[PDB]
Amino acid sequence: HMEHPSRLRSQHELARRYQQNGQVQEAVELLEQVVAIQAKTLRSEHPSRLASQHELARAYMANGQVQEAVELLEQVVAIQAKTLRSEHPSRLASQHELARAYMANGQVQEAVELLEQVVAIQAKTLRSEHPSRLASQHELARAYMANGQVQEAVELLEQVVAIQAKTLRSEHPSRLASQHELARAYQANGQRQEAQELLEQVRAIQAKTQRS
């Protein structure tokens, strides 16, 4: 009955302040009320309604309510699979959020499948050094490693690192981050010498930049 239920997106910022202050339960309570109000007034495909369901699921995760987050994000992702193109940023966003919830729930195969889609699509829509594109690649590598696909994590990160070698300066935070992720993959793969070699290289560059 409230005039503009879509404007309850303002409550997302308040939820984040609660979470930052450790009041993760209060953030869940806040957004459960948002979601209940919008459920009475907005259609299931409404982007504002889906947005607040996404934020509530993130709040559930912060409050340790992993199963509740998985179930809610499954609903969001299912709706957006019908209403939005694969290339839609909101669709991609809820896909990697559900993958994160799946990982926390030990549902590794389901996370891998989602992140393969996100990485494939972002390879078209985003530049190689975009933070979301890089983050999804790192997340896919970690999902692979938890799924008995360590070799595929190594192949993925070696490609990321090779591309950065041609595009970013050696001191760039993202270049160092991917090399660190690759070192972790090498370790999991039994390539322990190469891992400690790579980690020493990263540490040397960090030291030279931060403690010149």
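For every residue, the number given is its place in the sequence shown, counted from 1.
When 122-130 is weighed against 106-114, 122-130 comes out higher, by mean CA B-factor as recorded in the entry.
If you average the C-alpha B-factors over 18-26 and over 193-201, the higher value belongs to 193-201. Note on the listed residues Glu55, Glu45, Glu158, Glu152: the highest Cα temperature factor in the record is that of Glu45. Per the deposited coordinates, the residue with the largest Cα temperature factor out of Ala143, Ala69, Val34, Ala62 is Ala62. Per the deposited record, the Cα B-factor of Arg100 falls in the lowest third when ranked against the other modelled residues of its chain.
Per-chain ranking of the deposited C-alpha B factor places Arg85 in the middle third. Looking at the C-alpha B-factors along this chain, the one for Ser178 belongs to the lowest third. When the modelled residues of the chain are ordered by their C-alpha B factor, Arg184 lands in the middle third. Per the deposited record, the Cα B-factor of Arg49 falls in the lowest third when ranked against the other modelled residues of its chain.
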